[PDB]
Ligand SMILES: [Zn+2]
Ligand SMILES: [Zn+2]
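Residue numbers (the authors' numbering), protein chains in the order written: chain A, 499 to 739; chain B, 2 to 210; chain C, 1155 to 1263, 1279 to 1453; chain D, 9 to 125; chain E, 209 to 243, 251 to 449; chain F, 708 to 1055.
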């Protein structure tokens, strides 16, 4: 029932029933998207096309120093330069290439493994890619999104431009977020200086019944929870027809 | 482990003397409060060698009300007391015509010995105690209030005043450590005097079972 | 601290840095090169049954830190090992002058090596070098609270709270602990009511239970009239045994079938009452 | 001292168990499946490090320098190559209570130097 | 790692086909609590009510040589801590040295009674081929893949037992999945389509038994799928 | 300064300049120091906020009255929300060595560990907001969980003591008629009328005890001031009165010893039926007693009245020795308090 740290951006920390189901019944965050699922065959073909060696072709002596590669939890093979392998898989996902955006790619470094996932049900959220300590979301993107009704430039084109990336909870472990572009600037003491993603807006961590709360950052959290529970009980116009 | 053995033996003898005095047996003050040095001087300080031997610690006391009503305290040498040792003590008690005795075991006691203690109960009321439980007098603890074994006449007066039966009073198990210390049997009533923060003093009565 | 060490259970593993089994055929030329100094000092004369010797050698190395922290000596360790394993396991050890404390053990006469490993695994834990079992750790401190301070009446008749060292153990071994030197057997108590009932008595557990309830209620600063607690404790200690406030304590007394079924085990209580033809006096 | 490694048979590749030559009183490693034997060379059959004197520098790997979530510092340069930047992290490994010790790794490529202050 | 249990560490794997066989065959690979010469590693395989040491499973998969087994479990022979942690299970399961004996052992521990060793052995063989780690593969000749995966599972259990890795958090949502309308309706549709093929089978059987054709239009009880989805969603 | 101190502590821990305190693990010691610093900082900021509060501040008005809120509330609204604790500990690393992805691994700084440095009025940064939500979750779970266990406990208590009641003979018996308590609460008193009071002959030293309770009948001047001429002459001349006063003091001394044994600790606070001090104050007001004039109440009369009243007060009725011992024990504490308060010297 506890609010785990991994519910950040994926679930509303405030919206939850206060009865005998506290913490069990949750509510998605605004920008949270549950993955639908995809076939791993193209990913497997890409990995084989690169230097990966299948699991039956290698000798156990090669597994010591090599990096293991899992796909949907199935150990497929091993690799030698996981750094450039991950860089390549990320470039493909950011180019909407063979790897689709819903695919997760977590590279555990300490354990020398690369878990790739295409499974369904993987809750994920969008984030702004940060390359050096600067955002890939330039001003031309905001311009095109401002004239979204004319140039038919939508969120899909923004993702296909490699400016935004869908990060899941399991990859957030390997992701270094920048709360705001202010954190990417040079400070008197550099905190991270190696950010790789950025938050679109922190208020997106809230859910639907919690998004209606004004100044929720000025209230004790129990109050925000009770409001998230009563906004659903409030009268209004539940539907036009 | 010899200075500690004699220390344990001294503590056990002190506790036994206090027990007999609380049961009402005649125990002189000098032997009631015997220092470790005095004990070593009267018995020795090398029990491992056999000076003093546990058989020499045997105590024989007499009731203050009845001089012929004596009581024994035996300290068997064997760690686990057996039926043959129970028979030896029963023989000595038969010879001296004594009806109460205490067996201070070290490790424990065999089932056959327990069965002999229960079958011979009506003839010789002999009790068992572990030296581990005799190294301390529980009655001096702060949690243990003042227990007093009542006389059949005082119990009759109690029941006649409060107009109740024996089965109506609260109970105390015959195996209770304090019941064993005072050597009380089924049917006896013990008066407990304890301090109370609301009344100052409170007297309760428990029936043994 | 001396008392704390004598009370806190200590196993061989606590003071053992490492252990190793070697196939040392002749002790005269030990496989190890540092024990050679004393092995000869011990084997220069035949002290044991050299004929009944086994090449298998169990060498254990201890650590100075723990050894000193517990004031334990190699002689003591050797005596405990010899006591527990009799003479079958010969034990020799160096004096407490070498930078590393190492003792060698051989078997006199499952395979010998297998048995040695088994006994090594057993001794590391079972062997009790010192302390009272069941007491994992002991904490020593000065009670800042007067309730835990030793209140004494001065010659002038004034209450003075002497702040003296008090020990709090994580285990409960009242039986043994009370029968210990320099341990006050009057004030020393346990929070385990079961232990209190077993060692002291029904009245003592009554008092201890009252104290426990009072402490639990007062911890948050709440106050309850003493009479309520007293009544509850009397109810739990009126039969000479610890009658738990559960079906196992309430349905086991001669309270009549109806009350017990009102509490719990309705069908079972009525069924047993029917079987035994019990009669409810209709007093409840 | 060091640990004692497993020896495998050369015929069936099964583990060799320790055994003694009763006649010659010499340690041999014999196979429990076939009739192979080997003359032992260490004379030690078992070692258990209860104190757990483990050097975590051997558990650390140079690849950890590629982790972007780790903190970097310029105050501890690498002694093997002189690189200034270096990542530092705690042990974070169980069985190591005094885990507040910091372990540094050089961020320079192909160096992967590891050390501790 | 369960605090109150006979096992110190337990490495489990809810296995399921990539896009089929929704029932998730849960396989456990546990380590016996220290409390005995060493710590033994076992595996609670599906359709078996008795734990089995890992070595028997590896030999039942066609890897009989202990060196091959260690090559599949421990990838670095330079880790004497790993060899010392895996030694107790090896010493506890060495009397078995052939694949047939290992398979017979499994078949003897299987839930189904081993009326005949032949059936018993076949029972196991198919269990180790279909039920054990189905996501790795249920086809034949994949025993190498299953052996490698079970070896990695044991490797993970050893890393957790030696503390070089942190235990997995059950609450980490990276370790969870959300079954939405899609996978839920898919699970129901699978079970109900199976019931439909069952009814069609019985119908066609009791018609061909009379030596006559049967009409699938009359065999297909469309009410099964319709009323089923309706009842579940209602 | 608080955050700077936490940084210095972390620096020492990393440099191995921090030794574990006795009976505490190194990590536990680190957490203790950090929490100490954070708590002290929170307390100082809160105290500053309260001192800054003006008399007109409504928060201050309500808190002072006790109607609602507390100084902690005011310190979280005006100064610092404080550290957020989960399971009684700082925010755990839900990720791999990171509480949130925004931070770095092995970061034990106050912010990373959930020290909300902003006040509610100031507003909480998103991370602070999330950690505070975690703490709130903890509270909500505790509230929604304790209920079941508490209800079960209450039910069991009721079923185990529903039939225990006070019988007409003043004893507490159950349905089976088994005697649970000879007198309810060991004093046969109701739980409402009883009230807190203090024993005046428990803590006082022997010298103070005598100087305050032994009626001095030899100081003619003092007697003249406190008592009227007739009373003074009677007390000085008559020896029976003096002997009675001495006996009364001896009885008080014995009662003092009894109080000592009953209360090993020096806690005079005790619950008794009648608030003697308040009753005497009431008597003074009702009869317009003037403290600056000599009293006409004879001390011998005081002694006799106290003894008569004590006899009248009877929890246990019966002239047999058992009954009279039970009565003495039942009213012992109240009688000691009565004699101490109604002491002739105090009444004079
Ligand atoms: Zn071989
Ligand atoms: Zn370098």
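Backbone N, C-alpha and C define an ideal beta-carbon position, used for all residues, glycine too.
Between the CA atoms of residue j and residue i - distance to the nearest angstrom
{"i": "residue 824 of chain F", "j": "residue 721 of chain A", "result": "20 angstroms"}
{"i": "residue 84 of chain B", "j": "residue 113 of chain B", "result": "6 angstroms"}
{"i": "residue 429 of chain E", "j": "residue 414 of chain E", "result": "13 angstroms"}
{"i": "residue 619 of chain A", "j": "residue 1392 of chain C", "result": "53 angstroms"}
{"i": "residue 775 of chain F", "j": "residue 769 of chain F", "result": "6 angstroms"}
{"i": "residue 1059 of chain F", "j": "residue 949 of chain F", "result": "This structure cannot settle anything about residue 1059 of chain F, because the visible part of chain F is limited to 708 through 1055."}
{"i": "residue 646 of chain A", "j": "residue 528 of chain A", "result": "21 angstroms"}
{"i": "residue 1427 of chain C", "j": "residue 879 of chain F", "result": "22 angstroms"}
{"i": "residue 88 of chain D", "j": "residue 125 of chain D", "result": "15 angstroms"}
{"i": "residue 1036 of chain F", "j": "residue 1400 of chain C", "result": "18 angstroms"}
{"i": "residue 351 of chain E", "j": "residue 553 of chain A", "result": "11 angstroms"}
{"i": "residue 816 of chain F", "j": "residue 737 of chain F", "result": "12 angstroms"}
{"i": "residue 621 of chain A", "j": "residue 531 of chain A", "result": "6 angstroms"}
{"i": "residue 1056 of chain F", "j": "residue 1405 of chain C", "result": "Within the shown structure, residues of chain F are numbered from 708 to 1055, placing residue 1056 of chain F beyond reach of any answer."}
{"i": "residue 639 of chain A", "j": "residue 652 of chain A", "result": "10 angstroms"}
Buried or exposed by the 16-neighbour rule on C-beta atoms within 10 Å, applied to residue i
{"i": "residue 86 of chain D", "result": "buried"}
{"i": "residue 1006 of chain F", "result": "buried"}
{"i": "residue 859 of chain F", "result": "exposed"}
{"i": "residue 136 of chain B", "result": "buried"}
{"i": "residue 1304 of chain C", "result": "buried"}
{"i": "residue 900 of chain F", "result": "exposed"}
{"i": "residue 11 of chain B", "result": "buried"}
{"i": "residue 1287 of chain C", "result": "exposed"}
{"i": "residue 1010 of chain F", "result": "buried"}
{"i": "residue 539 of chain A", "result": "exposed"}
{"i": "residue 1363 of chain C", "result": "exposed"}
Under 7 angstroms between C-beta atoms of residue i and residue j
{"i": "residue 507 of chain A", "j": "residue 703 of chain A", "result": "yes"}
{"i": "residue 165 of chain B", "j": "residue 206 of chain B", "result": "no"}
{"i": "residue 808 of chain F", "j": "residue 673 of chain A", "result": "yes"}
{"i": "residue 250 of chain B", "j": "residue 183 of chain B", "result": "The shown model of chain B, from 2 to 210, leaves out residue 250 of chain B, and the question about it has no answer."}
{"i": "residue 633 of chain A", "j": "residue 696 of chain A", "result": "yes"}
{"i": "residue 1022 of chain F", "j": "residue 895 of chain F", "result": "yes"}
{"i": "residue 244 of chain E", "j": "residue 267 of chain E", "result": "Within chain E, the sequence of modelled residues goes 243 then 251, so residue 244 of chain E has no position in this structure."}
{"i": "residue 93 of chain B", "j": "residue 126 of chain B", "result": "no"}
Residue nearest to residue i in terms of C-alpha spacing, selected from the options
{"i": "residue 1134 of chain C", "options": "F:979, F:803 and F:971", "result": "Residue coverage of chain C in this structure runs from 1155 to 1453, which leaves residue 1134 of chain C outside it and unanswerable."}
{"i": "residue 118 of chain D", "options": "D:72, D:101 and D:26", "result": "D:72"}
{"i": "residue 80 of chain B", "options": "B:161, B:30, B:209 and B:107", "result": "B:107"}
{"i": "residue 362 of chain E", "options": "E:378, E:399, E:343 and E:377", "result": "E:343"}
{"i": "residue 906 of chain F", "options": "F:981, F:758 and F:750", "result": "F:981"}
{"i": "residue 140 of chain B", "options": "B:204, B:178 and B:31", "result": "B:178"}
What runs of the beta strand (DSSP E), each 3 residues or longer, lie entirely inside the segment 1171 to 1242 of chain C?
Fully enclosed beta strand (DSSP E) runs of 3 or longer: 1210 to 1216.
Alpha helix (DSSP H) runs contained entirely in the segment 652 to 716 of chain A, provided each spans 4 or more residues
Listed in chain order, they are 653 to 658, 667 to 670 and 706 to 709.
Where in the segment 20 to 80 of chain B do unbroken runs of the beta strand (DSSP E), each at least 3 residues long, occur, reported from the N-terminal end onward?
Positions of the beta strand (DSSP E) runs, each at least 3 residues long and wholly inside the segment 20 to 80 of chain B, are given as 60 to 64 and 71 to 75 in order along the chain.
Could you tell me which uninterrupted alpha helix (DSSP H) segments, each at least 4 residues in length, are contained entirely in the segment 618 to 652 of chain A, listed from first to last along the chain?
Listed in chain order, they are 637 to 644.
Could you tell me which whole beta strand (DSSP E) segments of length 3 or greater appear in the segment 944 to 1012 of chain F?
Those beta strand (DSSP E) runs which fall completely within the segment 944 to 1012 of chain F and span 3+ residues are 976 to 979.
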